[PDB]
Amino acid sequence: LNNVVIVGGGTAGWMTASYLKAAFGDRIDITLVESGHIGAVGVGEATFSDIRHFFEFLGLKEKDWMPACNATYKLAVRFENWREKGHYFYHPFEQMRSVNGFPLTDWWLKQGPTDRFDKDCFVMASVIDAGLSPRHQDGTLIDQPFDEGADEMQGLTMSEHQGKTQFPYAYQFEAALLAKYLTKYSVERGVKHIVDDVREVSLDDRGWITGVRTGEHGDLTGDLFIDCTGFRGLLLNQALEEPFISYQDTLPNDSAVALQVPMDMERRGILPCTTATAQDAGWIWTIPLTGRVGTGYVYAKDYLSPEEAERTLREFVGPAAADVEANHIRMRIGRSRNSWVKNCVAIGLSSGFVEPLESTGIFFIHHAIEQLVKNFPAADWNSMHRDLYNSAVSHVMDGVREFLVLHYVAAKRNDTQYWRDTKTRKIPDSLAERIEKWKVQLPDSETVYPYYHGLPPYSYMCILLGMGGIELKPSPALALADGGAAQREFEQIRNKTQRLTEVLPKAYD
């Protein structure tokens, strides 16, 4: 097998084409058929620290692609007013240090220098606080455990690294601009680009896809079909009738209103991070881009009207958002039961979707195409490839959903009906059991969702410590161990961070 038809463009379709091409070159034949515009959600989009492997896999260095997509640096997610109104904190991309067997955050709970766990435990938090770049002007990355000039595995993909060493950042960028960039990347390497629509998905007597019918380009045939039609699920959900599994009962945010301005009123747009500011019925995002800032209100319609959400958004961004276009959309929250069915693989919103609270969307796609390459079938179509693939991506989505639920379960604020309901909504049975563990021992490699889903224990720690709604305790053993080494670890971090504050350039500059 080496004939691939990708239905759908945008970020999902073209990450698929460009990644297949980077992996297989002239030995894979790819045709992508696309129509266009859906709105995505907002203009801007954000990624995990994983995304680094994607671009390196393609042989793309930052200078080649970042200017073309108006890309900025993302060093964390900045969560505002989830605990209380004065309050914010970071979920950064920085490894969690440990001392004599315990995570620094455990020490922090016992003998932490300040009341800010993230500033105490993370070099990145100060860097971001000062609106600083993670790179020196000559180009040298911030002295961190990650040696960028160090030996790595050739063709290193995210799903065997799994954050074992920590690259210090991710990106924010204009999603349509990345699709256009990858379009070029892909077409240069021999991907055939067809702008048209699909009128019909042709099935054979076993219900397998034989080809798709276009308006003006005839029938597009091939061995393997990639469904990148988004919420439509034109191939996987419609032609092949694969059922959808909703996450709505645990994550009720079902709606979004979005817009863009050249600059944010509180200047969240200067910060080298993505901001999630909690609201009365959800939360507003801020995504910094080079010459613009994208903003949106993710909310639950049962609590808030579309008109209300838009007015809140406009006021929140300020006088610059008085008159600009606002785009509303509704979200399909959950995943397909199986993202690979017969000879069809869904990648992107067709495979599944969660609110972009931790901006996992591109991550879901990156993981999917990697798994596609990994479990790529031969012409015997051994069903095990499919089972392995589906196991891998369902775990990723289910794991992240659990992680997102925690954001609301742990959030301390309780001042609207919506925020009260976050403590009474159904949760995964597994999650409640894990929360009981975390009350006594901070999130551990053994007490998180046990399959790969992109999030190390320290991510869970950050949410717990930051949202402050779950009472937490340090390990009893810390009362018996010498605290000296930990204090010297806090001190090393503080010194590094006050040195760094002086010599790093600002984000926009």
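Only the coordinates and a few stated rules stand behind these numbers; no lab work does. Every residue, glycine as well, gets a Cβ built from its backbone with ideal geometry; the counts of neighbours run over all protein chains shown.
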Screening 167, 146 for residues that are touching a helix residue (DSSP H, G or I) at 6+ places or on another chain (Cβ under 6 Å), closer than 27 Å to residue 287 by Cβ and part of a loop (DSSP other than H, G, I, E, B) leaves only 167
Of (1) among the aliphatic types (A, V, I, L, M); (2) surrounded by fewer than 21 Cβ atoms within 10 Å (Cβ to Cβ); (3) under 19 Å from the mean Cα position of the chain (by Cα), residue 349 satisfies every one except (2)
Filtering the range 20-66 for residues that are free of Cβ contacts under 8 Å to residues at least 40 places away in the same chain and more than 21 Å from residue 8 (Cβ to Cβ) leaves a count of 7
Condition set out of contact with any helix residue (DSSP H, G or I) (no Cβ under 6 Å at 6 or more places or on another chain) and in a loop (DSSP other than H, G, I, E, B), scope the range 473-506, selection surrounded by the fewest Cβ atoms within 10 Å (Cβ to Cβ): answer is 480
Note on the range 1-41: residues among the hydroxyl-bearing types (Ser, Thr, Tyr) and part of a helix (DSSP H, G or I) are 11, 16, 18, 19
When every residue in the range 63-99 that is among the aliphatic types (A, V, I, L, M) and more than 20 Å from the chain's Cα centre (by Cα) is compared, the one farthest from residue 123 (Cα to Cα) is 68
Residue set 295, 286; condition in contact (Cβ under 8 Å) with a residue 24 or more places away in the chain, of a type outside the set (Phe, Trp, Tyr), surrounded by 19 or more Cβ atoms within 10 Å (Cβ to Cβ) and closer than 16 Å to residue 79 by Cα; output residue 295
Residue 81: passes all of (1) at negative phi; (2) touching a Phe, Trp or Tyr at 6+ places or on another chain (Cβ under 9 Å) but (1)
Filter the range 213-227 for residues that are part of a loop (DSSP other than H, G, I, E, B), in contact with a strand residue (DSSP E or B) (Cβ under 6 Å, 6 or more places away or on another chain) and not small (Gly, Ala, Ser); the one that is farthest from residue 35 (Cα to Cα) is 223
Scanning the range 153-170 residue by residue, those more than 15 Å from residue 127 (Cβ to Cβ), surrounded by 12 or more Cβ atoms within 10 Å (Cβ to Cβ) and among the small types (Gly, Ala, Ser) turn out to be 159, 163
Counting only residues in the range 385-433 that are more than 28 Å from residue 339 (Cα to Cα) and of a type in the set (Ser, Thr, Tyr), the one surrounded by the fewest Cβ atoms within 10 Å (Cβ to Cβ) is identified as 424
### Task
Please indicate, with yes or no, whether at least one residue in the range 80-96 is in a helix (DSSP H, G or I), in contact (Cβ under 8 Å) with a residue 12 or more places away in the chain and in contact with an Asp or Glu (Cβ under 8 Å, 6 or more places away or on another chain).
no
In the set 12, 23, 17, 68, the lone residue that is surrounded by fewer than 21 Cβ atoms within 10 Å (Cβ to Cβ), closer than 19 Å to residue 372 by Cα and either among the hydrophobic types (A, V, I, L, M, F, W, C) or in contact with a helix residue (DSSP H, G or I) (Cβ under 9 Å, 6 or more places away or on another chain) (or both) is 23
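Residue by residue, here is whether (1) over 30 Å from residue 484 (Cβ atoms); (2) crowded, with 19+ Cβ neighbours inside 10 Å; (3) not basic (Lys, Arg) holds:
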| position | (1), (2), (3) |
| --- | --- |
| 46 | yes, yes, yes |
| 57 | yes, yes, yes |
| 63 | yes, no, no |
| 73 | yes, yes, yes |
| 86 | yes, no, yes |
Being in contact with a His (Cβ under 9 Å, 6 or more places away or on another chain), of a type in the set (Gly, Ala, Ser) and either part of a helix (DSSP H, G or I) or surrounded by fewer than 23 Cβ atoms within 10 Å (Cβ to Cβ) (or both) narrows 378, 320, 368 down to just 378
Considering residues that are farther than 20 Å from residue 92 by Cβ and more than 29 Å from the chain's Cα centre (by Cα), the number found within the range 460-491 is 15
Among (1) more than 25 Å from residue 276 (Cα to Cα); (2) not aromatic (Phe, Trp, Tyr); (3) not in a helix (DSSP H, G or I), residue 414 falls short only on (1)
Of 250, 277, the only residue that is out of contact with any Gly (no Cβ under 7 Å at 6 or more places or on another chain), farther than 30 Å from residue 61 by Cβ and not in a loop (DSSP other than H, G, I, E, B) is 277
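This table checks each residue for (1) in contact (Cβ under 8 Å) with a residue 60 or more places away in the chain; (2) farther than 20 Å from residue 130 by Cα.
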site: 453; (1), (2): no, yes
site: 464; (1), (2): no, yes
site: 468; (1), (2): yes, yes
site: 473; (1), (2): yes, yes
site: 490; (1), (2): yes, no
site: 507; (1), (2): yes, no
Within the range 177-207, the count of residues that are touching a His at 6+ places or on another chain (Cβ under 8 Å) and either crowded, with 20+ Cβ neighbours inside 10 Å or not in a strand (DSSP E or B) (or both) comes to 4
